[PDB]
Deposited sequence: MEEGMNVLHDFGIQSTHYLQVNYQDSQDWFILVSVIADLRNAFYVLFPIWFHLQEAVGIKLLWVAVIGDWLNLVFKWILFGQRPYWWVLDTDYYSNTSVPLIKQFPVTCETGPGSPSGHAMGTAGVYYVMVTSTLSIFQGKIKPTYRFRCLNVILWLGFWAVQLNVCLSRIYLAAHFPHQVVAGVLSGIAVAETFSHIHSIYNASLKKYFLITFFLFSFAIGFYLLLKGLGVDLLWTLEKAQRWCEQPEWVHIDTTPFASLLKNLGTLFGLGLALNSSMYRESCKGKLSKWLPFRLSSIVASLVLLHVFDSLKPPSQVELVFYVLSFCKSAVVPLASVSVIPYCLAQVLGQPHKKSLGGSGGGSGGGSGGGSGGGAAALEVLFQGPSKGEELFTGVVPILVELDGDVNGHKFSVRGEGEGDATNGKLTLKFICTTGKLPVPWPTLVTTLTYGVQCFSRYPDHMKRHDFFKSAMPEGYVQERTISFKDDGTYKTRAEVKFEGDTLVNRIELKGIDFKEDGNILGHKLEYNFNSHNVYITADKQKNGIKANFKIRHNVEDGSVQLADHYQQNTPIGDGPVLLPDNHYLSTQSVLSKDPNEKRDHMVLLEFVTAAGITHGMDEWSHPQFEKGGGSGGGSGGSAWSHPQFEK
């Protein structure tokens, strides 16, 4: 008893055509929305702004982002999901019927399985935390104005992200809906785990080691049964309208090490002695200092992101990417605040 989900697939294709045929003067806006929702905006912009306003929100945001990435990868390995494009030129569902018309944008022609919507899940898991934390903080203040403004803003962001993903013919509506719901779930369930604070340096190492070991073991186990993990490459190549648009990548472990490096860097920065005298110092928590630290961290991280590891060797690429991802939280809470405190020295 198993029947095809071509009903959902055709509903997605018709949704893409409906969105494309009318809003033909909005491709730039949807591209801009799709490029901002990228997760390299919660480790470089959102984190240093929230870590100094209140130290508890930043750690929760970072943990939610890392766990969301890990779950995204692990479940993406084992779901074998299609995409809006690449399914209308291959399936025989429109064999005795008519075939709609789908146009391909350069941002389209993705090369990986798209069962969990990474952009939507990360955006939900990162924005739910911000909204709920702001609502909790602003309790000291007739209250159905700020609440409704914040929730309407959050839902508008989610709807715009989903529409951007559908309009570019990169994910079906159910994929992004499930991704949004899973991100909300992970944020909600991390909102109650209170052992992530004041955690020992040994515990962070054990957690990171467990995540890495489980990922590698799972990756090998699936290869040890007869599961194919490269079906997305040849089919994407054959049904993409231009080979130049395709962005073939040869890194099976690309975001895993980046997330693990971010987690390890946060642990080291939190448990290092230099942070204790820099951000927990004596009479240095007056607000202009925090604002200056935020501005300096943002500027220096933006300048520092403009590097690329050498791809001529794979192991060196992985090691350097891990080190950079570790420096991202190790240089925004530890060294810059201490340098600014010493500047306050003279």
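Several segments of the deposited sequence have no coordinates for C-alpha: 142 to 146, 352 to 648, numbered from the first residue.
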